[PDB]
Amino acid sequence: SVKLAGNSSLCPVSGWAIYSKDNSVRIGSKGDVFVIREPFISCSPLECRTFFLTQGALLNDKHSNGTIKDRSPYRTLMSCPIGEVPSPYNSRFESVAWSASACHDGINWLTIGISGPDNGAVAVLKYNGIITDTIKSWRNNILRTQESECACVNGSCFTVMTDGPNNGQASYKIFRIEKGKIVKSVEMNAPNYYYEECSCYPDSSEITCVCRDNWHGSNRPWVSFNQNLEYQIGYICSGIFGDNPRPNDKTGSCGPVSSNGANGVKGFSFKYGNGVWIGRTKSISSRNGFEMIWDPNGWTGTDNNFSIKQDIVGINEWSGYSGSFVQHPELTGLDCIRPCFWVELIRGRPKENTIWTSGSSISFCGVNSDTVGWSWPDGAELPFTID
């Protein structure tokens, strides 16, 4: 057992190969599958796992009612092997949680589970399933974290948490965690910026996060930092806007794009010098479709020109949250950190006539060999028996 190094670069990729699809909603029409949202994938040096927030209820049972609601004492962070449906019979218990993160440092799993009331929530940190630290809300307004993997470099793992308003300026903290103990945190000086639900990855010993501006930005904010939590900030400049909702593509900005800026969706992007791989919905107004776009000057340039598009989910199909995950050299035998991504395919409320809301998932890994666009959608036929 050895710490992941996290010191190689991101592998450059030409397209995305499908890695997993779980068909959870399809299978939960009959089988015992958790009602879930906020899924994400994270890997150890030996296997990849799907992490997700349960509702403490199964699909197609009465306790699925009301599950549009984000935060309750019943929600738990749990994990199963990638591509398997999340069921009480295959799922490992991680933490009591209505907001979460997790990541493996090479030696053990770190899990971060936020529960408690909206005015003073507490994140419980676990290393190898043992409680190792806690951190309490510091603005008393829904302490919340990534809903995707935290990032590890040389035995330290890093995450971002936000506390405060979700329709205005909030507070954003970056954390360095070692064996599940917070060893350093910094509060970001970021006036007129808004960060939430960061998708963070390691690249050459430093962390880059792409996040959700729920306040006033239809492009995505980014923060990058070193092991000492010295950070830089910015927004993705590309006029290929990454949030949902958003405007039609036009000239972008290196600040927040106010047009259609309020509200948002968790997502991700990968930086490659001045270029960017952008994952986004296909709809500008709802969580429908998904596509990957390579924009070779999109990190720093404001034009709406891009070089490559790869379809993932079709425009008339439900999508949802998306996030980054990596596969480190210790897992693959490669010489670079491999970028991958997952998409949550949300079914039910508020868009469909059900009592419940739940998602399934798809994921892909970046390759340089041949790939193809298609649509891999959820596939479930709603409503269900219980509706």
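Residues carry their position along the shown sequence, with the first being 1.
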Using only C-alpha atoms and the B-factors in the entry, which stretch averages higher, 225-233 or 71-79? 225-233
Using only the Cα atoms and their B-factors as the entry lists them, report which of 170-178 and 82-90 averages higher. 170-178
If you check the C-alpha B-factor for each of 103, 183, 211, 97 in the entry, which is highest? 183
Residue set 365, 372, 25, 11, per-entry CA B-factor max assigned to 11
Classify residue 124 as lowest, middle or highest third according to the C-alpha B-factor given in the PDB entry, relative to its own chain. middle
Can you tell me whether residue 207 has a C-alpha B-factor in the lowest, middle or highest third compared with the other modelled residues of the same chain? lowest
Within this chain, which third does the Cα B-factor at residue 60 fall in: lowest, middle or highest? middle
Is residue 346 in the lowest, middle or highest third of its chain when residues are ranked by C-alpha B-factor? lowest
When the deposited Cα B-factors of this chain's modelled residues are ordered and cut into thirds, is residue 241 in the lowest, the middle or the highest one? middle
